[PDB]
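Dropping data_1.pdb in here (PDB, C-alpha atoms (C1' of nucleotides) and all ligand atoms):
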ATOM      1  CA  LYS A   1       0.000   0.000   0.000
ATOM      2  CA  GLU A   2       2.890   2.349   0.789
ATOM      3  CA  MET A   3       4.615   1.249  -2.415
ATOM      4  CA  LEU A   4       1.523   2.260  -4.414
ATOM      5  CA  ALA A   5       1.276   5.612  -2.618
ATOM      6  CA  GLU A   6       4.918   6.427  -3.366
ATOM      7  CA  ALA A   7       4.480   5.298  -6.970
ATOM      8  CA  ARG A   8       1.460   7.576  -7.476
ATOM      9  CA  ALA A   9       3.409  10.478  -5.979
ATOM     10  CA  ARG A  10       6.463  10.041  -8.187
ATOM     11  CA  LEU A  11       4.341   9.364 -11.271
ATOM     12  CA  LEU A  12       2.527  12.674 -10.706
ATOM     13  CA  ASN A  13       5.520  15.032 -10.810
ATOM     14  CA  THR A  14       6.351  16.728 -14.126
ATOM     15  CA  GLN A  15       8.210  19.980 -13.316
ATOM     16  CA  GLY A  16      11.673  20.629 -11.921
ATOM     17  CA  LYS A  17      12.787  22.763  -9.012
ATOM     18  CA  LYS A  18      12.835  26.074 -10.914
ATOM     19  CA  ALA A  19       9.286  25.791 -12.293
ATOM     20  CA  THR A  20       7.961  24.696  -8.882
ATOM     21  CA  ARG A  21       9.622  27.638  -7.170
ATOM     22  CA  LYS A  22       8.168  29.944  -9.817
ATOM     23  CA  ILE A  23       4.719  28.604  -8.917
ATOM     24  CA  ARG A  24       5.125  29.318  -5.214
ATOM     25  CA  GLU A  25       6.741  32.691  -5.996
ATOM     26  CA  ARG A  26       3.808  33.763  -8.177
ATOM     27  CA  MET A  27       1.409  32.843  -5.375
ATOM     28  CA  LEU A  28       3.448  34.848  -2.869
ATOM     29  CA  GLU A  29       3.649  37.806  -5.271
ATOM     30  CA  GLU A  30      -0.140  37.759  -5.555
ATOM     31  CA  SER A  31      -0.642  37.697  -1.783
ATOM     32  CA  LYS A  32       1.785  40.614  -1.433
ATOM     33  CA  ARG A  33      -0.165  42.453  -4.133
ATOM     34  CA  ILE A  34      -3.440  42.013  -2.252
ATOM     35  CA  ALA A  35      -1.886  43.093   1.056
ATOM     36  CA  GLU A  36      -0.571  46.225  -0.662
ATOM     37  CA  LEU A  37      -4.010  47.062  -2.045
ATOM     38  CA  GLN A  38      -5.651  46.392   1.336
ATOM     39  CA  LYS A  39      -3.385  48.881   3.097
ATOM     40  CA  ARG A  40      -3.830  51.400   0.278
ATOM     41  CA  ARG A  41      -7.621  51.045   0.486
ATOM     42  CA  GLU A  42      -7.660  51.560   4.258
ATOM     43  CA  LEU A  43      -5.583  54.703   3.809
ATOM     44  CA  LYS A  44      -7.841  55.920   0.982
ATOM     45  CA  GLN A  45     -10.989  55.404   3.058
ATOM     46  CA  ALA A  46      -9.363  57.516   5.792
ATOM     47  CA  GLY A  47      -8.860  60.326   3.252
ATOM     48  CA  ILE A  48      -5.099  59.652   2.971
ATOM     49  CA  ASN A  49      -4.411  59.270  -0.763
TER      50      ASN A  49
ATOM     51  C1'   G B   1      60.083 100.252 -22.156
ATOM     52  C1'   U B   2      63.752 100.483 -26.066
ATOM     53  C1'   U B   3      65.166 102.961 -30.483
ATOM     54  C1'   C B   4      65.183 106.469 -34.910
ATOM     55  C1'   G B   5      63.905 111.755 -36.068
ATOM     56  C1'   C B   6      62.474 116.657 -34.576
ATOM     57  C1'   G B   7      61.554 121.385 -30.650
ATOM     58  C1'   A B   8      63.457 123.168 -26.234
ATOM     59  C1'   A B   9      66.276 124.145 -21.586
ATOM     60  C1'   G B  10      71.254 123.559 -19.265
ATOM     61  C1'   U B  11      76.855 124.340 -21.479
ATOM     62  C1'   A B  12      81.384 129.333 -24.608
ATOM     63  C1'   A B  13      80.328 125.143 -28.140
ATOM     64  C1'   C B  14      80.255 119.642 -28.742
ATOM     65  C1'   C B  15      79.663 115.217 -25.778
ATOM     66  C1'   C B  16      76.134 114.694 -22.200
ATOM     67  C1'   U B  17      71.300 115.976 -19.393
ATOM     68  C1'   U B  18      66.142 116.811 -18.828
ATOM     69  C1'   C B  19      60.964 118.454 -20.487
ATOM     70  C1'   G B  20      57.939 118.128 -24.976
ATOM     71  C1'   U B  21      56.699 115.740 -29.701
ATOM     72  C1'   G B  22      56.264 112.374 -34.323
ATOM     73  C1'   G B  23      57.511 107.395 -36.299
ATOM     74  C1'   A B  24      59.266 102.150 -35.451
ATOM     75  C1'   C B  25      59.201  97.701 -32.381
ATOM     76  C1'   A B  26      55.366  94.325 -29.233
ATOM     77  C1'   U B  27      48.849  93.063 -30.318
ATOM     78  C1'   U B  28      43.194  89.707 -27.773
ATOM     79  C1'   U B  29      44.669  84.409 -22.723
ATOM     80  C1'   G B  30      40.951  80.910 -20.816
ATOM     81  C1'   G B  31      36.099  77.736 -19.914
ATOM     82  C1'   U B  32      31.980  71.267 -22.906
ATOM     83  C1'   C B  33      34.311  72.429 -16.480
ATOM     84  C1'   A B  34      31.797  77.563 -10.111
ATOM     85  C1'   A B  35      33.359  75.682  -4.012
ATOM     86  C1'   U B  36      29.417  70.254   0.717
ATOM     87  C1'   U B  37      23.061  68.638   0.952
ATOM     88  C1'   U B  38      18.709  69.135  -4.491
ATOM     89  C1'   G B  39      20.929  65.905 -11.381
ATOM     90  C1'   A B  40      22.459  61.136  -9.294
ATOM     91  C1'   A B  41      28.906  55.342  -8.211
ATOM     92  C1'   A B  42      28.544  51.200  -5.523
ATOM     93  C1'   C B  43      29.487  47.786  -1.729
ATOM     94  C1'   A B  44      27.966  46.728   2.975
ATOM     95  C1'   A B  45      24.693  46.064   7.085
ATOM     96  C1'   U B  46      19.760  43.224   9.541
ATOM     97  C1'   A B  47      16.697  39.361   8.465
ATOM     98  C1'   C B  48      15.107  34.953   5.828
ATOM     99  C1'   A B  49      16.429  31.332   2.479
ATOM    100  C1'   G B  50      20.436  27.822   0.710
ATOM    101  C1'   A B  51      22.019  25.999  -6.733
ATOM    102  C1'   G B  52      18.956  23.043 -13.333
ATOM    103  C1'   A B  53      17.959  18.312 -15.862
ATOM    104  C1'   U B  54      16.508  14.150  -9.521
ATOM    105  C1'   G B  55      13.812   9.254  -5.873
ATOM    106  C1'   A B  56      19.172  11.441  -4.538
ATOM    107  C1'   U B  57      24.053  14.122  -5.458
ATOM    108  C1'   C B  58      26.289  16.426  -9.312
ATOM    109  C1'   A B  59      30.069  17.784 -14.342
ATOM    110  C1'   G B  60      28.563  20.444 -18.034
ATOM    111  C1'   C B  61      28.188  23.124 -23.270
ATOM    112  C1'   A B  62      24.814  26.106 -25.656
ATOM    113  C1'   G B  63      20.594  29.035 -27.619
ATOM    114  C1'   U B  64      17.051  33.415 -27.071
ATOM    115  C1'   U B  65      17.131  38.464 -24.165
ATOM    116  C1'   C B  66      15.770  46.366 -25.133
ATOM    117  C1'   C B  67      20.243  41.902 -17.849
ATOM    118  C1'   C B  68      24.915  42.008 -17.702
ATOM    119  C1'   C B  69      29.570  41.583 -14.224
ATOM    120  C1'   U B  70      35.227  40.209 -13.900
ATOM    121  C1'   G B  71      38.991  40.129 -17.455
ATOM    122  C1'   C B  72      44.046  42.930 -22.155
ATOM    123  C1'   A B  73      40.778  39.672 -24.603
ATOM    124  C1'   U B  74      37.591  37.155 -30.470
ATOM    125  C1'   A B  75      40.413  33.282 -24.049
ATOM    126  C1'   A B  76      38.389  31.967 -19.660
ATOM    127  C1'   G B  77      35.392  32.840 -15.340
ATOM    128  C1'   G B  78      30.841  34.678 -13.012
ATOM    129  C1'   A B  79      25.146  28.650  -9.656
ATOM    130  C1'   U B  80      25.151  24.958 -16.654
ATOM    131  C1'   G B  81      26.256  33.867 -14.662
ATOM    132  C1'   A B  82      21.163  35.322 -14.496
ATOM    133  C1'   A B  83      16.123  35.537 -16.773
ATOM    134  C1'   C B  84      13.551  31.087 -19.564
ATOM    135  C1'   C B  85       8.871  27.431 -16.272
ATOM    136  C1'   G B  86       3.265  31.850 -17.188
ATOM    137  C1'   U B  87      -0.927  32.647 -20.343
ATOM    138  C1'   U B  88      -3.252  30.155 -24.395
ATOM    139  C1'   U B  89     -10.370  30.210 -28.942
ATOM    140  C1'   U B  90     -12.192  32.593 -35.057
ATOM    141  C1'   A B  91      -8.175  32.376 -42.656
ATOM    142  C1'   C B  92     -13.825  28.075 -39.373
ATOM    143  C1'   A B  93     -16.182  25.663 -43.513
ATOM    144  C1'   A B  94     -19.014  21.335 -45.940
ATOM    145  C1'   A B  95     -22.733  17.449 -46.080
ATOM    146  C1'   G B  96     -27.131  15.577 -43.520
ATOM    147  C1'   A B  97     -31.081  14.666 -39.922
ATOM    148  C1'   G B  98     -34.794  15.684 -36.134
ATOM    149  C1'   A B  99     -37.038  19.183 -33.782
ATOM    150  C1'   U B 100     -38.486  25.237 -33.569
ATOM    151  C1'   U B 101     -41.155  29.904 -36.996
ATOM    152  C1'   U B 102     -44.638  32.699 -41.438
TER     153        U B 102
HETATM  154  K     K A 201      22.718  23.506  -1.179
HETATM  155  K     K A 202      26.344  23.089 -12.889
HETATM  156  K     K A 203      30.214  28.040 -17.213
END
Is it possible to express this structure as structure tokens?
Amino acid sequence: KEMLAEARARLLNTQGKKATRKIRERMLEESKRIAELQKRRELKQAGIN
RNA sequence: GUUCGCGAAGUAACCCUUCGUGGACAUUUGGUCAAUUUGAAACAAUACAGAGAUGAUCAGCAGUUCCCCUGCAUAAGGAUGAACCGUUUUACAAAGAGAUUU
């Protein structure tokens, strides 16, 4: 059963380290983007452009 | 300033001496640039993380780029120097059938 689980995991992978890091980096860049807009919106609502 | 010529004063008169006066000689430097904050050097420092093809550890050599750095360099080195990894819709037609409408 563990052999099958490990086989399914290794059979799934298709991208190397650089592409995988680019995926996580794009997700982090998006979360940073939304945090930036949240702070900017709070400031704007307070009349601070 | 010098020198050539002329007026004059001084001297008995020259030499010489002074005041005046004409000519000759010599003739336009330098800045793309002002002297600390506001016309632009960078490293470093603090933190986190710890290198592609892999199950794992790695040698690499390239290509593309409106990224270059070190080097005298057309050599070599810089993680295979780095970035590369995402997003993807129409030259759109033909034949036929069963339902919709006057
Ligand atoms: K490492
Ligand atoms: K390598
Ligand atoms: K190399």
- Selection under test: the PyMOL selection byres ((chain A and not hetatm) within 10 of (chain B)); residues as number ranges by chain: A: 6, 10, 15-23, 26
Mind listing the residues within 8 Å of ligand K 203 (chain A), only C-alpha atoms (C1' of nucleotides) and all ligand atoms counted, as a PDB file with C-alpha atoms (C1' of nucleotides), in the frame of the given file?
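Here's the written file pocket-v3.pdb:
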ATOM      1  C1'   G B  60      28.563  20.444 -18.034  1.00  0.00           C
ATOM      2  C1'   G B  77      35.392  32.840 -15.340  1.00  0.00           C
ATOM      3  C1'   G B  78      30.841  34.678 -13.012  1.00  0.00           C
ATOM      4  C1'   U B  80      25.151  24.958 -16.654  1.00  0.00           C
ATOM      5  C1'   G B  81      26.256  33.867 -14.662  1.00  0.00           C
TER       6        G B  81
END
- Item | Atom-to-atom span, atom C1' of residue 83 of chain B and atom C1' of residue 63 of chain B, Å |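 Atom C1' of residue 83 of chain B sits 13.4 Å away from atom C1' of residue 63 of chain B.
In terms of minimum interatomic distance to ligand K 201 (chain A), B:50 ranks closest within B:98, B:1, B:50, B:23, counting all atoms listed in the file.
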Given 4 Å on each side, where is the centre and what are the edge lengths in Å to one decimal of the axis-aligned box enclosing the listed atoms of segment 21-26 of chain A, as JSON?
{"center_x": 6.7, "center_y": 30.7, "center_z": -7.5, "size_x": 13.8, "size_y": 14.1, "size_z": 12.6}
- Message: Taking all atoms listed in the file and a cut-off of 12 Å, can you tell me which residues surround ligand K 201 (chain A), written as a ChimeraX atom specification?
- Response: /B:49-51,57-58,79
- Which residue gives the smallest distance to ligand K 202 (chain A) among B:59, B:26, B:5, B:36, with all atoms listed in the file counted? B:59
- Note on the structure: Correct to one decimal, the distance atom CA of residue 14 of chain A-atom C1' of residue 56 of chain B is 16.9 Å
- Query: By how many Å are atom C1' of residue 87 of chain B and atom CA of residue 29 of chain A apart?
  - Reply: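 Between atom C1' of residue 87 of chain B and atom CA of residue 29 of chain A the gap works out to 16.6 Å.
Ranking B:92, B:61, B:72, B:24 by their shortest atom-to-atom distance to ligand K 202 (chain A), with all atoms listed in the file included, puts B:61 first.
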